[PDB]
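These notes concern the structure reproduced below.
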Amino acid sequence: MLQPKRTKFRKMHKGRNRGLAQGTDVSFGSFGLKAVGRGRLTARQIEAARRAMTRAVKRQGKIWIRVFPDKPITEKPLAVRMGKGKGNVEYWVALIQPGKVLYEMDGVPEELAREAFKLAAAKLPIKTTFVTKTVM
Amino acid sequence: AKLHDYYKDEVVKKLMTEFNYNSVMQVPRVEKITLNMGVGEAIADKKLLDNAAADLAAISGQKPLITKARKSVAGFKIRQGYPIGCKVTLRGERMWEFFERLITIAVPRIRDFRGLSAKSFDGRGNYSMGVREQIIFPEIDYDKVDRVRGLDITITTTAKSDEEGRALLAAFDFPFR
Amino acid sequence: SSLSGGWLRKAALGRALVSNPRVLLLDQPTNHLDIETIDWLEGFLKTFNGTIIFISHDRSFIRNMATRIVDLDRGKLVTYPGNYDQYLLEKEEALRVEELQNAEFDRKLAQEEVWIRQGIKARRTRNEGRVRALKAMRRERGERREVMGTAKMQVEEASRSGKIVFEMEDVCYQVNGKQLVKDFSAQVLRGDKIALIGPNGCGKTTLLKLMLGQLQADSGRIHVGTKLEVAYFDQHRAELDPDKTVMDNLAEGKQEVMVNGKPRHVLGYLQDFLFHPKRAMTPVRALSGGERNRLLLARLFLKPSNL
Amino acid sequence: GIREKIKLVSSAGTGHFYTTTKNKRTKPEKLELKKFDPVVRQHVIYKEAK
Amino acid sequence: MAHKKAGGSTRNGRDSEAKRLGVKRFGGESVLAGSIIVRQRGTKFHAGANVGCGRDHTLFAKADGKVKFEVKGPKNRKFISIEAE
RNA sequence: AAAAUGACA
RNA sequence: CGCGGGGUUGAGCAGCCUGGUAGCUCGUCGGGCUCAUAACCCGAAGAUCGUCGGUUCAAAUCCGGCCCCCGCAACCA
RNA sequence: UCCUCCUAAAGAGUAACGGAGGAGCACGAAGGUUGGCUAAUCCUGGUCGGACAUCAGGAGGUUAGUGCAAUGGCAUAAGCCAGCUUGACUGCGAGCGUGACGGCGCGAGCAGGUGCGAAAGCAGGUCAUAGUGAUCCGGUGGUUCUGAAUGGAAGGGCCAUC
RNA sequence: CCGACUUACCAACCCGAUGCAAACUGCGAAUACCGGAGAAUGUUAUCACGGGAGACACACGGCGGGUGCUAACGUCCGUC
Ligand SMILES: Nc1ncnc2c1ncn2[C@@H]1O[C@H](COP(=O)(O)OP(=O)(O)OP(=O)(O)O)[C@@H](O)[C@H]1O
Ligand SMILES: [Mg+2]
Ligand SMILES: [Mg+2]
Ligand SMILES: [Mg+2]
Ligand SMILES: [Mg+2]
Ligand SMILES: [Mg+2]
Ligand SMILES: [Mg+2]
Ligand SMILES: [Mg+2]
Ligand SMILES: [Mg+2]
Ligand SMILES: [Mg+2]
Ligand SMILES: [Mg+2]
Ligand SMILES: [Mg+2]
Ligand SMILES: [Mg+2]
Ligand SMILES: [Mg+2]
Ligand code: NA
Ligand code: NA
């Protein structure tokens, strides 16, 4: 499910999502899925976009997940008045800036890679794109 | 003592000519004989250290320094400050005088003796040793005894590596296997 | 520095009487005396012209000499009329009734804590004339525990000793003036319980010293048992330094007492002897006479012993 | 709140006292400290009291 | 009808007063004697020439002058000193 | 003083 | 989606009350009594104290998160 | 009510039934000085003895420690040990900091006596920040300050304290 | 006892590469704040003392945030 084991503090401030990304370049595999939009990418969209990648090439190559949620999101229950504390933790999300390589793959031909990546992007709430490793 | 007068000119020349030494100090010298037993089971009785301390004092003519627990350990059921063992460090004539009696009138009384182990070295040319029984010394009466107290003797030398640490002890007739 | 325990006590009863006091305060007068000394002292004090206050644990000395009797139970002292056996009867009623009312107070406080955490209901308030009273009941529980606690004890049996513990024949030890033991011949076997009795200063304490080899027999030789684990209780305690802490004197300055089967106990050995765990660093000199007697008793029953 | 307040009455006769605390269940001994006595303006021995 | 739902509590929510620590006389200020320069909790600034340190590690002037901030020392630990004016 | 019970053929 | 209490060898229950101590009765096993079974007598075994952490030298006990259960409260329109 | 951190926007301050923990103490040494010393952890060798006890030498360099939370500090140690000790003194205090005030705090230096050191010196409690309660009323000790005609006394005042 | 041994694994520590953090920092601005000097400008705009007050229910808009669902003409702070 990609939820952290043994964090330090349970709840965390909302924060903001400004600036560009850091993992801009393909480093482990040979093809990668780059993000063009901004948003928060939960832990279940990571999995549902990893089933849609494994089940496409069906056995071959390695799939790398470059991102990890490590960020609690809290939600008050239904029909609660405001205050009286902070909401109990529900799920974990990872913050995404433009230019961040989310998944990346190795050992699969490029044309098979494009269709495999086109099926994972359908499960993510951000406009992604297909990128190719360069010598750099 | 009666071994130092031998070393200062003979063991020097038995090693200067052997290991190709141009200086009387590139040859190693043995500088101290630390000696201690960890009584450990003194949790039941303090007399298990009050009488045990008189055993090192009866071998080495020096009153032992009681050691203590450095860090609390739950498994052994001790905490900081317990007296759990006595220790003696010998230097000088008392180092050589004890060195004489151990390798002459104490080693040959070890039960089931088949040489001295040679692989017990710590990469820098120091020797460690155990005895498994303290009655091998001519200072134990067999009537003042109540347990089977052993010892750990760690000859500490200035040799730069193990392979010449043997030479320092071998030149003293050390019964290496 | 030479007299026996009975004679040393006699000297302390004289030094407190040279002044011829109008008020005689005798803390434990009959401790190491024999029947003859106690019999004589019961007439010395009766004739004594002044006034006597004394603390005695002799249930037979008290009856012969006690005009009035005083409790000093738990910070309050109350008197009693009649002979000595009256006090035992009247005190037991004081303990029973106080036990009877103590349980009733807990009964109210028990059912006043089911009510504090009960549900409120619809629009009610939970009177604070009862919450504050419960606050006063919980605060009042910092009170005296009426039963001191009947201190519980248990011994540490060890492996059986040799069938012969002590054997001494032809042994004849004599102090300068008079003979204490003259040509003794006796044996002490396993599981034999022996009581040394006699007059004052007749060698009871020194006889044990011969057995343990404290001092050497003049002649005759003594042979000791072969698997003995002696536990020794001296006349004058002398095995506790009065300044060392209570915890360290008990079990020789170490934790991890051995109780019953295996050493799974530490410092809980005090709770069996009604030592509060808070007062564990008290120097031994501060303790009362009876408290110090039990503490020396506690650490003898703390180690394996055949003797 | 084990510690109990005490005062050290001067042995120099002049009515004077410092006050302090003392753990009475672990310190059966009575303090005897040398401290200033401003009435006599000398360092005297102060012994425990109420 | 179930209109108003019960609500929980917060286990925390207590804090303490602010101690107003910091530097009271910045560099280049002509300051008198015995006055306070910087309030500390440890010793982030050490005591240089003509200044002292209280039990609170408060740094105070000893003689009048100007305030100097400097970084002398093998471990690059900051000092404060006062000149002679 | 205590002393209960035992498939059918 | 708020409040109290509980979870301890096969069963029931103490020990949580200011932290070092795991026990009581029934049961289970092995002998004995009886023609045999009950009852009786004499001896043993059996628990990581719901689970995951955190302080403490030391946690069944103190603190936090979850899992199961049981009571209680959900009022004024 | 009090202490520590974040929110708090690089001086100070700054709210919420915001996110996390603590205190109502301890100590005649755990305080003052004068000497001396330097950890965690892992590797190798060694009687029982081990994953973890004591010991020896290597790497490492404070990841250790601090009477008890967190933060800031600490090798000149503020941590560890020992000798001698009572400055855990009396009267004051330039000049500052922080509060609406009540108040709270830091303080060179002056005088009187004292401790340690050969001295230069340091010492007006504890590495710092929590460990706390106004006034009124009353109790105890000291002090001719007052004393309802006068001499006392009572009762008030001032100082120390409950 | 020895592990005599295979390894789809639960994984310390180290090595090379790649990310995250309000309660992490071996780095680190813009602004703001404190003090000093200078000209120009401003019918003292500064401070102290004294007489008289009112006010202590704020609202929205921009920027930086806590909470809420980066909901609310929501709520609570900083600055304008
Ligand atoms: N240290 C000593 N020096 C000299 N005489 C001594 C010493 N100890 C004991 N004695 C003497 O030895 C005799 C026996 O003394 P001990 O202590 O054995 O008495 P005891 O029989 O145990 O009597 P009690 O019941 O009175 O204590 C006495 O006469 C006593 O005075
Ligand atoms: Mg039936
Ligand atoms: Mg600030
Ligand atoms: Mg700012
Ligand atoms: Mg200290
Ligand atoms: Mg020093
Ligand atoms: Mg100190
Ligand atoms: Mg402190
Ligand atoms: Mg008059
Ligand atoms: Mg008066
Ligand atoms: Mg108002
Ligand atoms: Mg308002
Ligand atoms: Mg407002
Ligand atoms: Mg509004
Ligand atoms: Na005697
Ligand atoms: Na007594």
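Going by the structure tokens order, chains are called A, B, ..., each with residues numbered from 1, while ligands are numbered from 1 in the order shown.
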- Message: List the spatial neighbours of residue 70 (chain B) as a PyMOL selection string - criterion: any atom at most 12 Å away, only C-alpha atoms (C1' of nucleotides), same-chain residues fewer than 3 positions off excluded.
- Response: (chain B and resi 67+73+78-85) or (chain H and resi 39-40+53-54)
- Message: Around ligand 16, which protein and nucleic acid residues have at least one atom no more than 7 Å from it, if we count only C-alpha atoms (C1' of nucleotides) and all ligand atoms? List them as a PyMOL selection string.
- Response: chain C and resi 288-290
- Query: What does the distance from CA of residue 239 (chain C) to CA of residue 253 (chain C) come to in Å, to one decimal?
  - Reply: 12.9 Å
- What does the distance between CA of residue 103 (chain B) and CA of residue 49 (chain B) come to in Å, to one decimal place? 26.8 Å
- Query: Which value, in Å to one decimal, gives the distance between CA of residue 93 (chain A) and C1' of residue 65 (chain I)?
  - Reply: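 Separating CA of residue 93 (chain A) from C1' of residue 65 (chain I) is a distance of 21.0 Å.
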- Message: Using only C-alpha atoms (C1' of nucleotides) and a cut-off of 10 Å, which residues of chain A sit close to chain G? Please list them as number ranges by chain.
- Response: A: 6, 10, 77-80
Keeping only N, CA and C atoms, take the residues you just selected and write them out as a PDB file, in the first residue's frame.
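Generated output (again_31.pdb):
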```
ATOM      1  N   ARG A   6       6.578   3.574  11.094  1.00  0.00           N
ATOM      2  CA  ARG A   6       7.258   4.226  12.210  1.00  0.00           C
ATOM      3  C   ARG A   6       7.722   5.639  11.840  1.00  0.00           C
ATOM      4  N   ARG A  10       2.627  11.895  14.394  1.00  0.00           N
ATOM      5  CA  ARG A  10       1.479  11.318  13.702  1.00  0.00           C
ATOM      6  C   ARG A  10       0.861  12.307  12.721  1.00  0.00           C
ATOM      7  N   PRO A  77     -14.994  13.130  10.853  1.00  0.00           N
ATOM      8  CA  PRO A  77     -16.088  12.234  10.455  1.00  0.00           C
ATOM      9  C   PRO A  77     -17.271  12.994   9.883  1.00  0.00           C
ATOM     10  N   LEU A  78     -18.342  12.287   9.541  1.00  0.00           N
ATOM     11  CA  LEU A  78     -19.542  12.946   9.051  1.00  0.00           C
ATOM     12  C   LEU A  78     -20.283  13.623  10.194  1.00  0.00           C
ATOM     13  N   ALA A  79     -20.807  14.816   9.917  1.00  0.00           N
ATOM     14  CA  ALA A  79     -21.713  15.518  10.824  1.00  0.00           C
ATOM     15  C   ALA A  79     -21.045  15.862  12.151  1.00  0.00           C
ATOM     16  N   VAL A  80     -19.869  16.475  12.074  1.00  0.00           N
ATOM     17  CA  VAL A  80     -19.150  16.934  13.254  1.00  0.00           C
ATOM     18  C   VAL A  80     -19.018  18.446  13.186  1.00  0.00           C
TER      19      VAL A  80
END
```
- Task: Check every residue of chain B for an atom within 8 Å of chain C, counting only C-alpha atoms, and provide those that qualify as JSON, numbers by chain.
- Result: {"B": [43, 44, 45, 46, 77, 82]}
- Item | Nearby polymer residues, ligand 9, at most 12 Å, only C-alpha atoms (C1' of nucleotides) and all ligand atoms, as an MDAnalysis selection string | chainID H and resid 146:154
Who sits within 8 Å of residue 16 (chain D), only C-alpha atoms (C1' of nucleotides), same chain under 5 positions skipped, as a PDB file with C-alpha atoms (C1' of nucleotides), in the first residue's frame:
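Below is the file that was written, selection_24.pdb:
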```pdb
ATOM      1  CA  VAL D   9      19.891  29.022  66.302  1.00  0.00           C
ATOM      2  CA  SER D  10      23.239  30.640  67.041  1.00  0.00           C
ATOM      3  CA  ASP D  37      26.311  36.189  63.041  1.00  0.00           C
ATOM      4  CA  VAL D  39      24.773  40.819  65.794  1.00  0.00           C
TER       5      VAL D  39
ATOM      6  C1'   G H 141      12.465  34.870  68.818  1.00  0.00           C
ATOM      7  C1'   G H 142      15.065  39.803  69.037  1.00  0.00           C
ATOM      8  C1'   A H 160      14.006  37.413  61.404  1.00  0.00           C
TER       9        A H 160
END
```
- Can you tell me which residues sit at most 12 Å away from ligand 13, counting only C-alpha atoms (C1' of nucleotides) and all ligand atoms, written as a list in words?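 Checking only C-alpha atoms (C1' of nucleotides) and all ligand atoms against ligand 13 at 12 Å gives residues 15 of chain H; 57, 58, 59, 60, 75, 76, 77 and 78 of chain I.
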So that I have them on file, write out the residues from the current selection with N, CA and C atoms (P, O5', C5', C4', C3', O3' and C1' of nucleotides), as a PDB file, in the first residue's frame.
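So the final result, stored in again.pdb, reads:
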```
ATOM      1  P     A H  15      -0.734  34.313  21.740  1.00  0.00           P
ATOM      2  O5'   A H  15      -2.235  33.805  21.622  1.00  0.00           O
ATOM      3  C5'   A H  15      -3.308  34.723  21.487  1.00  0.00           C
ATOM      4  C4'   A H  15      -4.375  34.188  20.567  1.00  0.00           C
ATOM      5  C3'   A H  15      -4.683  32.710  20.714  1.00  0.00           C
ATOM      6  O3'   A H  15      -5.611  32.475  21.757  1.00  0.00           O
ATOM      7  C1'   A H  15      -4.428  33.262  18.421  1.00  0.00           C
TER       8        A H  15
ATOM      9  P     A I  57     -14.741  43.809  23.484  1.00  0.00           P
ATOM     10  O5'   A I  57     -16.115  44.263  22.822  1.00  0.00           O
ATOM     11  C5'   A I  57     -16.190  44.581  21.435  1.00  0.00           C
ATOM     12  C4'   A I  57     -16.724  43.436  20.609  1.00  0.00           C
ATOM     13  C3'   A I  57     -16.396  43.506  19.120  1.00  0.00           C
ATOM     14  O3'   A I  57     -16.216  42.184  18.617  1.00  0.00           O
ATOM     15  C1'   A I  57     -18.729  43.453  19.400  1.00  0.00           C
ATOM     16  P     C I  58     -14.746  41.548  18.512  1.00  0.00           P
ATOM     17  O5'   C I  58     -13.947  42.575  17.599  1.00  0.00           O
ATOM     18  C5'   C I  58     -13.671  42.293  16.237  1.00  0.00           C
ATOM     19  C4'   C I  58     -14.646  42.985  15.322  1.00  0.00           C
ATOM     20  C3'   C I  58     -14.545  42.645  13.851  1.00  0.00           C
ATOM     21  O3'   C I  58     -15.132  41.396  13.539  1.00  0.00           O
ATOM     22  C1'   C I  58     -14.833  44.975  14.120  1.00  0.00           C
ATOM     23  P     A I  59     -14.515  40.477  12.381  1.00  0.00           P
ATOM     24  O5'   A I  59     -15.021  41.167  11.046  1.00  0.00           O
ATOM     25  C5'   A I  59     -16.389  41.127  10.679  1.00  0.00           C
ATOM     26  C4'   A I  59     -16.630  41.897   9.411  1.00  0.00           C
ATOM     27  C3'   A I  59     -15.717  41.570   8.248  1.00  0.00           C
ATOM     28  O3'   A I  59     -16.060  40.381   7.563  1.00  0.00           O
ATOM     29  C1'   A I  59     -15.851  43.891   8.471  1.00  0.00           C
ATOM     30  P     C I  60     -14.910  39.341   7.154  1.00  0.00           P
ATOM     31  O5'   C I  60     -14.597  39.665   5.627  1.00  0.00           O
ATOM     32  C5'   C I  60     -15.632  39.876   4.679  1.00  0.00           C
ATOM     33  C4'   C I  60     -15.248  40.943   3.684  1.00  0.00           C
ATOM     34  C3'   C I  60     -14.009  40.666   2.851  1.00  0.00           C
ATOM     35  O3'   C I  60     -14.258  39.835   1.734  1.00  0.00           O
ATOM     36  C1'   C I  60     -13.879  42.843   3.734  1.00  0.00           C
ATOM     37  P     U I  75     -16.570  33.958  10.414  1.00  0.00           P
ATOM     38  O5'   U I  75     -15.525  33.046  11.188  1.00  0.00           O
ATOM     39  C5'   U I  75     -15.946  32.204  12.249  1.00  0.00           C
ATOM     40  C4'   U I  75     -14.804  31.388  12.790  1.00  0.00           C
ATOM     41  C3'   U I  75     -13.594  32.176  13.246  1.00  0.00           C
ATOM     42  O3'   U I  75     -13.749  32.701  14.549  1.00  0.00           O
ATOM     43  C1'   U I  75     -12.897  30.375  11.898  1.00  0.00           C
ATOM     44  P     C I  76     -13.201  34.166  14.896  1.00  0.00           P
ATOM     45  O5'   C I  76     -11.664  33.923  15.224  1.00  0.00           O
ATOM     46  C5'   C I  76     -11.272  32.984  16.210  1.00  0.00           C
ATOM     47  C4'   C I  76      -9.819  32.607  16.082  1.00  0.00           C
ATOM     48  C3'   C I  76      -8.833  33.743  15.910  1.00  0.00           C
ATOM     49  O3'   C I  76      -8.569  34.468  17.095  1.00  0.00           O
ATOM     50  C1'   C I  76      -8.291  32.009  14.418  1.00  0.00           C
ATOM     51  P     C I  77      -7.968  35.950  16.988  1.00  0.00           P
ATOM     52  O5'   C I  77      -6.407  35.708  16.814  1.00  0.00           O
ATOM     53  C5'   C I  77      -5.580  36.673  16.188  1.00  0.00           C
ATOM     54  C4'   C I  77      -4.232  36.095  15.847  1.00  0.00           C
ATOM     55  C3'   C I  77      -3.269  37.025  15.138  1.00  0.00           C
ATOM     56  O3'   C I  77      -2.625  37.933  16.009  1.00  0.00           O
ATOM     57  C1'   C I  77      -3.292  34.949  14.033  1.00  0.00           C
ATOM     58  P     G I  78      -2.431  39.462  15.567  1.00  0.00           P
ATOM     59  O5'   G I  78      -1.268  39.403  14.490  1.00  0.00           O
ATOM     60  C5'   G I  78       0.053  39.060  14.867  1.00  0.00           C
ATOM     61  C4'   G I  78       0.995  39.144  13.696  1.00  0.00           C
ATOM     62  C3'   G I  78       0.944  40.429  12.894  1.00  0.00           C
ATOM     63  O3'   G I  78       1.701  41.466  13.487  1.00  0.00           O
ATOM     64  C1'   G I  78       0.918  38.579  11.427  1.00  0.00           C
TER      65        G I  78
END
```
- Test item, strand (DSSP E or B) assignment across region 18-155 of chain B, answer as a VMD selection string: chain B and resid 30 to 37 65 to 68 73 78 83 to 90 116 121 127 to 130 152 to 155
- Message: Taking only C-alpha atoms (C1' of nucleotides) and all ligand atoms into account, which residues have an atom no farther than 12 Å from ligand 2? I'd like them as a ChimeraX atom specification.
- Response: /F:4-6 /G:37-38
Those same residues - N, CA and C atoms (P, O5', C5', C4', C3', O3' and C1' of nucleotides) - I'd like them written as a PDB file, in the first residue's frame.
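The resulting file, out.pdb, is shown below:
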```
ATOM      1  P     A F   4     -24.591 -44.662  50.680  1.00  0.00           P
ATOM      2  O5'   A F   4     -25.073 -44.288  49.210  1.00  0.00           O
ATOM      3  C5'   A F   4     -25.640 -43.020  48.922  1.00  0.00           C
ATOM      4  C4'   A F   4     -25.358 -42.604  47.503  1.00  0.00           C
ATOM      5  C3'   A F   4     -25.450 -43.700  46.456  1.00  0.00           C
ATOM      6  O3'   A F   4     -26.781 -43.973  46.054  1.00  0.00           O
ATOM      7  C1'   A F   4     -23.467 -42.461  46.127  1.00  0.00           C
ATOM      8  P     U F   5     -27.266 -45.484  45.813  1.00  0.00           P
ATOM      9  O5'   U F   5     -26.767 -45.831  44.344  1.00  0.00           O
ATOM     10  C5'   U F   5     -27.120 -45.013  43.242  1.00  0.00           C
ATOM     11  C4'   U F   5     -26.158 -45.178  42.093  1.00  0.00           C
ATOM     12  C3'   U F   5     -26.099 -46.556  41.457  1.00  0.00           C
ATOM     13  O3'   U F   5     -27.144 -46.771  40.526  1.00  0.00           O
ATOM     14  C1'   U F   5     -23.907 -45.731  41.800  1.00  0.00           C
ATOM     15  P     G F   6     -27.642 -48.259  40.195  1.00  0.00           P
ATOM     16  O5'   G F   6     -26.492 -48.862  39.272  1.00  0.00           O
ATOM     17  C5'   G F   6     -26.170 -48.276  38.014  1.00  0.00           C
ATOM     18  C4'   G F   6     -25.039 -49.000  37.320  1.00  0.00           C
ATOM     19  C3'   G F   6     -25.337 -50.442  36.913  1.00  0.00           C
ATOM     20  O3'   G F   6     -24.740 -50.741  35.651  1.00  0.00           O
ATOM     21  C1'   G F   6     -23.461 -50.388  38.364  1.00  0.00           C
TER      22        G F   6
ATOM     23  P     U G  37     -11.643 -47.625  38.436  1.00  0.00           P
ATOM     24  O5'   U G  37     -12.886 -46.643  38.279  1.00  0.00           O
ATOM     25  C5'   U G  37     -13.440 -46.369  37.001  1.00  0.00           C
ATOM     26  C4'   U G  37     -14.712 -45.561  37.097  1.00  0.00           C
ATOM     27  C3'   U G  37     -14.640 -44.279  37.905  1.00  0.00           C
ATOM     28  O3'   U G  37     -14.027 -43.207  37.213  1.00  0.00           O
ATOM     29  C1'   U G  37     -16.590 -45.457  38.495  1.00  0.00           C
ATOM     30  P     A G  38     -13.566 -41.895  38.015  1.00  0.00           P
ATOM     31  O5'   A G  38     -14.936 -41.158  38.354  1.00  0.00           O
ATOM     32  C5'   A G  38     -14.999 -40.137  39.336  1.00  0.00           C
ATOM     33  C4'   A G  38     -16.387 -40.009  39.908  1.00  0.00           C
ATOM     34  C3'   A G  38     -16.494 -39.224  41.205  1.00  0.00           C
ATOM     35  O3'   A G  38     -16.563 -37.826  41.000  1.00  0.00           O
ATOM     36  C1'   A G  38     -17.620 -41.271  41.450  1.00  0.00           C
TER      37        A G  38
END
```
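For residue 64 (chain I), the non-local neighbours within 12 Å, defined as residues at least 2 positions apart in the same chain or in other chains and counting only C-alpha atoms (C1' of nucleotides), are residues 15 and 16 of chain A; 8 and 9 of chain H; 62, 66, 77, 78 and 79 of chain I.
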- Task: Just the alpha helix (DSSP H) stuff from region 40-276 of chain C, please, per backbone DSSP, written as a ChimeraX atom specification.
- Result: /C:40-47,61-64,84-111,128-140,204-211,246-249
- Message: Applying 12 Å and only C-alpha atoms (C1' of nucleotides), which residues near residue 5 (chain G) remain after dropping the ones on its own chain fewer than 6 positions away? List them as number ranges by chain.
- Response: C: 114, 117-118; G: 69-72
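Near residue 89 (chain A), within 9 Å and counting only C-alpha atoms (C1' of nucleotides), sit residues 10, 11, 72, 73, 74, 75 and 76 of chain A, not including residues fewer than 4 positions from it in the same chain.
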Save out the residues we just selected, N, CA and C atoms, as a PDB file, in the first residue's frame.
```pdb
ATOM      1  N   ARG A  10       2.627  11.895  14.394  1.00  0.00           N
ATOM      2  CA  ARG A  10       1.479  11.318  13.702  1.00  0.00           C
ATOM      3  C   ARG A  10       0.861  12.307  12.721  1.00  0.00           C
ATOM      4  N   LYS A  11       0.450  13.473  13.200  1.00  0.00           N
ATOM      5  CA  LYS A  11      -0.242  14.447  12.370  1.00  0.00           C
ATOM      6  C   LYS A  11       0.726  15.509  11.858  1.00  0.00           C
ATOM      7  N   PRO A  72       0.687  12.322   6.209  1.00  0.00           N
ATOM      8  CA  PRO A  72      -0.677  11.986   6.614  1.00  0.00           C
ATOM      9  C   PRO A  72      -1.671  13.041   6.173  1.00  0.00           C
ATOM     10  N   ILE A  73      -2.889  12.588   5.897  1.00  0.00           N
ATOM     11  CA  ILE A  73      -4.014  13.462   5.601  1.00  0.00           C
ATOM     12  C   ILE A  73      -5.147  13.088   6.538  1.00  0.00           C
ATOM     13  N   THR A  74      -5.674  14.076   7.247  1.00  0.00           N
ATOM     14  CA  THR A  74      -6.670  13.861   8.282  1.00  0.00           C
ATOM     15  C   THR A  74      -8.050  14.265   7.789  1.00  0.00           C
ATOM     16  N   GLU A  75      -9.072  13.607   8.326  1.00  0.00           N
ATOM     17  CA  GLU A  75     -10.440  13.888   7.917  1.00  0.00           C
ATOM     18  C   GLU A  75     -11.367  13.755   9.112  1.00  0.00           C
ATOM     19  N   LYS A  76     -12.155  14.792   9.362  1.00  0.00           N
ATOM     20  CA  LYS A  76     -13.178  14.716  10.385  1.00  0.00           C
ATOM     21  C   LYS A  76     -14.311  13.801   9.922  1.00  0.00           C
TER      22      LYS A  76
END
```
